[PDB]
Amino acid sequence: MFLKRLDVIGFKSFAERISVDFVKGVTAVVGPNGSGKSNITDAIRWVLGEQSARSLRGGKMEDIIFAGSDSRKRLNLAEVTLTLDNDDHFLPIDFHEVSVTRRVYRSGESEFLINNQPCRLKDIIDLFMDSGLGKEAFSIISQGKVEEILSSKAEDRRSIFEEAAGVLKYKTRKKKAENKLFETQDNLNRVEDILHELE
């Protein structure tokens, strides 16, 4: 598996369509500061289902859609399509090439597609999670990860090792169970208080 092509239209600073054809080895993305090269990273995060606004360097609809410039009026639609080579069947999809598409409209509506078939965000997230490319994978690394490693608080550094260990789903289930316990006890407490005012 590898990235074949990133098509971007109306996303952040890419007012007209761009199309990055990656090579199998090392593709470098370069250019003057502020001229948009890190919007390539944001577009890859976004189409793969990132919803953290912090992770996206702006993840709200007005941040995503080209907002206008001296050169051009704002657009009402942003679209990204990532095409992946699936020759080795790394992704659990019976297709030689897998395309993931994300759109957001100024009106706030969003569309998600896999191989041009409408789906939910969860289907994109689950597709990459099931193949070992979910939230904890180190398939996208920005300077924030270096900062976490270099942090003075030991919890920040441990977090990197917990991602590598794939503990998030266990941690989440543990917290879900602890919250169930708390809310069950809290509901009982509130019932007993209502009942006590009836006495």
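Just count from 1 along the sequence shown to find any residue number.
- For the pair 67-75 and 81-89, the mean B factor over Cα atoms is greater in 67-75.
- Stretch comparison (130-138 versus 161-169) by mean CA B-factor in the PDB entry places 130-138 on top.
- In the PDB entry, a CA B factor belonging to the lowest third of its chain's modelled residues is recorded for residue 29.
- Ranked within its chain, residue 115 lands in the middle third, by CA B factor from the PDB record.
- Per-chain ranking of the deposited C-alpha B factor places residue 49 in the middle third.
- Ranked within its chain, residue 38 lands in the middle third, by CA B factor from the PDB record.
- The PDB entry assigns residue 1 a C-alpha temperature factor belonging to the middle third of its chain's modelled residues.
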